[PDB]
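Asker: Here it is, the structure in full.
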Amino acid sequence: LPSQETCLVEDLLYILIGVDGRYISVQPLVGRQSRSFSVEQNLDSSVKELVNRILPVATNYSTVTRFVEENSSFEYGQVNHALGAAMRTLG
Amino acid sequence: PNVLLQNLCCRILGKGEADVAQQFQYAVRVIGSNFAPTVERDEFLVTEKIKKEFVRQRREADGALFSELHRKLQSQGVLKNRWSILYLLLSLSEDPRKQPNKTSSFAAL
Amino acid sequence: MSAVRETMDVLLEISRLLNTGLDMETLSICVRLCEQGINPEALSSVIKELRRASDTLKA
Amino acid sequence: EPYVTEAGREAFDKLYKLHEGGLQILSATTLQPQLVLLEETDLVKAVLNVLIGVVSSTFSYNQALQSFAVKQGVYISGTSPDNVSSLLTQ
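Protein chains in written order, with the deposited numbering: chain M, 209 to 299; chain S, 9 to 117; chain s, 8 to 66; chain L, 311 to 400.
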């Protein structure tokens with residue numbers, strides 16, 4: 209049980225970055241417009257509800273990283289090419 | 009009924025869980041002889057015997073209390089088995105005066 | 008089970024006033040016996056015989 | 311020897327199990343309620359969780375009331391005699 213918590217905090221740390229975890233696997237929806245994270249099932253439902261409430265903040269993260277890596281994929285002098293490169297500074 | 013009658017045989021003696029065999033078989037025989045009673049049911053009549061008995065032993069206050077307790081008893085839950093319960097307590101009723109001789113010297117006979 | 012706890016506190020008042028001399032555990036056995044059906048005469052008759060028997064066995 | 315008062319917890323526990331049993335016979339249900347081990351230090355961690363609104367192995371969350379539900383039986387309840395069964399609910 210505490211060892212399975214030390215599994216979680218590190219796996220959690222990796223999916224903030226948009227890197228595919230060890231026991232939190234990532235299913236790409238359209239190449240990660242929104243990331244459907246599959247966290248390991250329970251053995252203890254206590255740590256289960258704590259990691260469930262952390263993976264949606266990384267779902268909100270997948271939407272901005274899909275878009276700001278798409279303004280490089282559509283290189284133009286436009287107001288979006290500066291907009292998302294400034295969000296890369298925030299990320 | 010067997011687990012219940014038995015547990016009574018162990019508790020009453022306060023000791024023995026097969027050393028109470030004699031008393032069990034005996035209880036079973038006794039219960040196996042068919043008694044018929046003098047009056048079966050009516051809450052009022054059994055309650056009255058207990059009131060008269062109260063007066064008779066000079067525990068008049070308590071007799072007064074018993075009536076409060078009787079009414080209370082119905083409200084904590086209604087009994088279908090009351091006459092029999094109230095009887096059992098009746099037959100075990102005692103007087104606050106005098107002892108029953110010795111029954112700790114009576115064993116030696 | 009909530010019910011079962013309340014009845015016994017009022018019942019214990021009558022029995023101790025009236026002189027009966029049954030502890031808690033035993034008073035529960037009789038209530039079981041009376042609910043499963045027993046002749047009242049038999050129940051009083053045994054209790055009186057077991058008591059008389061017990062005191063002599065001990066002494 | 312000791313009486314119950316001096317004798318720690320165990321003596322009181324043996325007593326509680328015996329006393330509850332006495333009542334338990336008249337009530338008939340599928341299976342009688344029995345104890346399921348937790349320790350006193352394991353109870354204080356299941357309660358540490360229920361303050362944030364997370365389930366343990368004594369709490370079952372009910373969506374129908376949007377409230378949590380503890381074990382109602384003679385489920386271990388510390389060494390208290392079915393006192394934490396009401397105290398932990400508050």
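Positions of the beta carbon are idealized from the N, C-alpha and C atoms, including for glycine.
#1: Helix or strand or just coil, what does DSSP make of M/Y284?
#2: Using C-beta distances below 6 angstroms, list every residue in its chain close to L/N372, excluding the 5 sequence neighbours before and after it, in chain order.
#3: So with CB distances below 9 angstroms, who are the chain L contacts of s/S35?
#4: Hey, S/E102 and s/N26: beta-carbon distance below 7 angstroms or not?
#5: Which one or two residues does DSSP pair with L/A379 in a beta bridge?
#6: Against chain s, which members of the stretch 13 to 42 of chain S pass a CB distance test of less than 7 angstroms?
#7: Is the CB-CB distance between s/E48 and S/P9 below 7 angstroms?
#8: Taking S/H78 as the reference, which of S/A35, S/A115 and S/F52 has the closest Cα?
#9: Looking at chain M, which residues of the stretch 356 to 377 of chain L have a Cβ within less than 7 angstroms of any of its Cβ atoms?
#10: Measuring CB atoms only, is the stretch 48 to 64 of chain S touching the stretch 15 to 23 of chain S, in the sense that at least three cross pairs come out at less than 8 angstroms?
#11: What is the DSSP secondary structure of M/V234, counted as helix, strand or coil?
#12: Check the Cβ of M/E248 against every Cβ in chain L and list those closer than 9 angstroms, keeping chain order.
#13: Flag S/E51 as yes if its beta-carbon sits less than 7 angstroms from any beta-carbon of chain s, otherwise no.
#14: Based on DSSP bridge pairs, tell me the residues matched to M/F245.
#15: Straight-line CA distance for L/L333 to S/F114?
#16: Looking at the structure shown, is L/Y313 part of a helix, part of a strand, or coil, going by DSSP?
#17: Considering Cα atoms alone, identify which of s/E20, s/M8, s/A60 and s/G28 is closest to S/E76.
#18: Quick check on s/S35: does DSSP put it in helix, strand or coil?
#19: Helix or strand or just coil, what does DSSP make of s/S52?
#20: Rank s/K65, s/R59 and s/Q43 by C-alpha distance to the C-alpha of residue 7 of chain S and give the top, closest one.
#21: Got a sec, what are the start and stop residues for the alpha helix (DSSP H) L/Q334 sits in?
#22: Using the C-alpha atoms, what's the distance from M/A266 back to S/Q84?
#23: Please classify L/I362 as buried or exposed, where buried requires at least 16 neighbouring CB atoms within 10 angstroms.
#24: Can you give me the Cβ contacts of S/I39 inside the same chain, cut-off strictly under 8 angstroms, excluding the 5 residues immediately before and after it?
#25: If the cut is a Cβ gap below 7 angstroms, which residues of chain s does S/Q84 touch?
Answerer: Looking at the atomic coordinates:
#1: coil
#2: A379
#3: Correct list: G332, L333, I335 and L336.
#4: yes
#5: Answer is L/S370.
#6: Listed by position along the chain: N15, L16, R19, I20, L21, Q31, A35, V38 and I39.
#7: No, these two residues do not count as a Cβ contact at 7 angstroms.
#8: S/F52
#9: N359, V364, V365 and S366
#10: No, because fewer than three Cβ pairs between the stretch 48 to 64 of chain S and the stretch 15 to 23 of chain S fall closer than 8 angstroms, the two stretches do not touch.
#11: Strand at M/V234.
#12: Here the premise fails: no neighbours, minimum Cβ distance about 17 angstroms.
#13: Contact with chain s is absent for S/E51, since none of that chain's Cβ atoms lies less than 7 angstroms from the residue's Cβ.
#14: Paired residues: M/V234.
#15: 37 angstroms
#16: coil
#17: s/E20
#18: helix
#19: helix
#20: In the structure as shown, chain S begins at 9 and stops at 117. Residue 7 of chain S is therefore absent and cannot be evaluated.
#21: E320 to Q334
#22: 59 angstroms
#23: exposed
#24: Only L13 meet the Cβ criterion.
#25: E13, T14 and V17
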